[PDB]
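Here you get one chain, nothing else, as structure tokens; it is the form deposited in one PDB entry.
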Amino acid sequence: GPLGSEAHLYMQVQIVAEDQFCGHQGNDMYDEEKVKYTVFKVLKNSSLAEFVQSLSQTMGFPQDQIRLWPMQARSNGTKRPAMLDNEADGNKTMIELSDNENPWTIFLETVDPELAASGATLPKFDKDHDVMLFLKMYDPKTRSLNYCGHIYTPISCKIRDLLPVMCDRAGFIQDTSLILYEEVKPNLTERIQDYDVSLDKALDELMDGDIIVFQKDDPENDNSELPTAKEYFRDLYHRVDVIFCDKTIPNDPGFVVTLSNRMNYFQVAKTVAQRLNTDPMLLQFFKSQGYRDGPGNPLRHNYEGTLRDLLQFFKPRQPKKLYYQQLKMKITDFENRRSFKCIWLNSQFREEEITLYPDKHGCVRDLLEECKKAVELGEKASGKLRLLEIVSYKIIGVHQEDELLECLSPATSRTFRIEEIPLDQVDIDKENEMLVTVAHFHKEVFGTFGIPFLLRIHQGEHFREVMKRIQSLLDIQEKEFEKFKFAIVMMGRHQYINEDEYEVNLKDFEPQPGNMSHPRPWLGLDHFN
């Protein structure tokens, strides 16, 4: 709004009283966002003597029973009460004393007016020999800080001589053994190891406004989540609230979880699984996307980073959120599963698209077993399955149940097919029977189509007995079958044979002796689709 003619000649003095230090659970004396002040609009060029005189009348106390301690920022980022000499600096301006700080905050120390009535007065402070210390009591049972006021103490005073005051102010029985710490700054609470020394030795850079945090040395402290003041402040410093959303639930508002920035994957999962009444092993988490919102890349269960590492891209404004999903299997096995898409050839000689999920480290047997569990077999068939490999409508291979799945081609040009072994093909006479690959082709051998299949052929068998065996499987009209042309194919070369000749010798379909690698001779079926 509109500024006054002399508004620039004024400054704001914020007076904080000791009652504002009670109940504070964080570092330093109070929270800048929760603290309540007495605000003074003071001339920048008016003296300290005037303010101390004015303030005493305003606050309702004699001038000699009040002492001002300006709130001062320290090099380490803390704000603490500092010493101010009213006798020496009484004629100095408010602006030169604040060192151009506006608003200037000052701690106002006063006697308890209840005690003042019972004789009490503000003691004299020897700026060269005395120190003003603040006392806090940490209670591991309630995991909280209790304010125990301040003391005027000589710098040369032994720590051991401060223990009766601490016990008294905390409500402990005298000669209770205590653990003492110096609250240096956030995430730095240094234990006082020797009490038989002066304050100047005991504390690093002994100053006015220094804090000693103390607690009982009790075995019951160990029963607490945070047994020491040191662990309390560390937990306070690293504390972070994160929202967790289910990736599978659309527009899920999520739930808030209080975690620590230094938590590992196991610790983050264990805490979220407790809130979901699930096993941490049955949860998958996703990284952040940084710029974009929504879930990012899936987080490996063996992630070696911290929660800080996961939340580093959220801006100060940005609310911290992480996405997850609930699994119906252990995370380790879920990560190791392979999506195996194949064809299932049913009893009716019809093809069906099936997706099986064996473990990537499994074998052909495991894929077949997964399939056996999913389908209905023949009326009274073998109950044994096989995995074929088809490329360009031809069977290029029959895989043994012992073969690793990792060996099977990931290429899109391969078609893997599972089927039930026909009764006649379970245990053939190795001396006079043979399994041959059959495939349909239109005019030219390269022009293959249809569903290929394995066929049993016998030594010196009548080729029409082979023909009716083919007809019984294909199952079409007898006049459609008479149009067919039967030929044997091997390495491009193909010879057509007479249906009435009946010439069947296993050597005609066998490859060269000792060559199993070379594409074995097959039987072609000429017609059109």
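Just so we're on the same page, rigid core means the largest C-alpha set that superposes within 1.5 Å between forms. Residue numbers here begin at 1 and follow the sequence given.
K.L.:
Thinking of the other compared PDB entries, is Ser118 one of those residues unmodelled in at least a third of them?
P.N.:
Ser118: unmodelled in a third or more of the comparison entries.
K.L.:
If you average the CA temperature factors over each stretch, which comes out higher, 421-429 or 295-303?
P.N.:
Comparing 421-429 with 295-303, the higher mean C-alpha B-factor belongs to 421-429.
K.L.:
Tell me which stretch has the larger mean Cα B-factor in this entry, 481-489 or 36-44.
P.N.:
Comparing 481-489 with 36-44, the higher average CA B-factor belongs to 481-489.
K.L.:
Have a look at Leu68, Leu55, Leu474, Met29 and flag the one whose Cα has the highest B-factor in the entry.
P.N.:
When the deposited C-alpha B-factors of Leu68, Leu55, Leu474, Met29 are compared, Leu474 is largest.
K.L.:
Pick out which of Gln20, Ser517, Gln14, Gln25 has the highest C-alpha B-factor in the PDB entry.
P.N.:
Checking the PDB record, the top C-alpha B-factor among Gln20, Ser517, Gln14, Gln25 is at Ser517.
K.L.:
Rank-wise, by C-alpha B-factor, drop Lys328 into the lowest, middle or highest third of its chain.
P.N.:
As the PDB entry reports it, the C-alpha B-factor of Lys328 lands in the highest third of its chain.
K.L.:
How does the C-alpha B factor of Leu311 compare with the rest of the chain: lowest, middle or highest third?
P.N.:
Lowest third, going by the recorded CA B-factors of the chain.
K.L.:
Split the chain's modelled residues into thirds by Cα B-factor; is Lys158 in the lowest, middle or highest one?
P.N.:
It belongs to the middle third of the chain when residues are ordered by C-alpha B-factor.
K.L.:
Sorting the chain's modelled residues by C-alpha B-factor, tell me whether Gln215 ends up in the lowest, middle or highest third.
P.N.:
Its C-alpha B-factor, which the entry lists for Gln215, ranks in the lowest third among residues of this chain.
K.L.:
Would you check the entry's CA temperature factor for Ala381 and let me know if it's in the chain's lowest, middle or highest third?
P.N.:
CA B-factor rank for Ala381: highest third.
A second form of this protein, the form deposited in another entry, is not displayed here; the remarks below concern that form.
K.L.:
Can you tell me which of these residues, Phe481, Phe463, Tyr37, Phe486, is the one whose C-alpha shifts by at least 2 angstroms between the shown form and the other one after a rigid core fit?
P.N.:
Single hit from the list, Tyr37.
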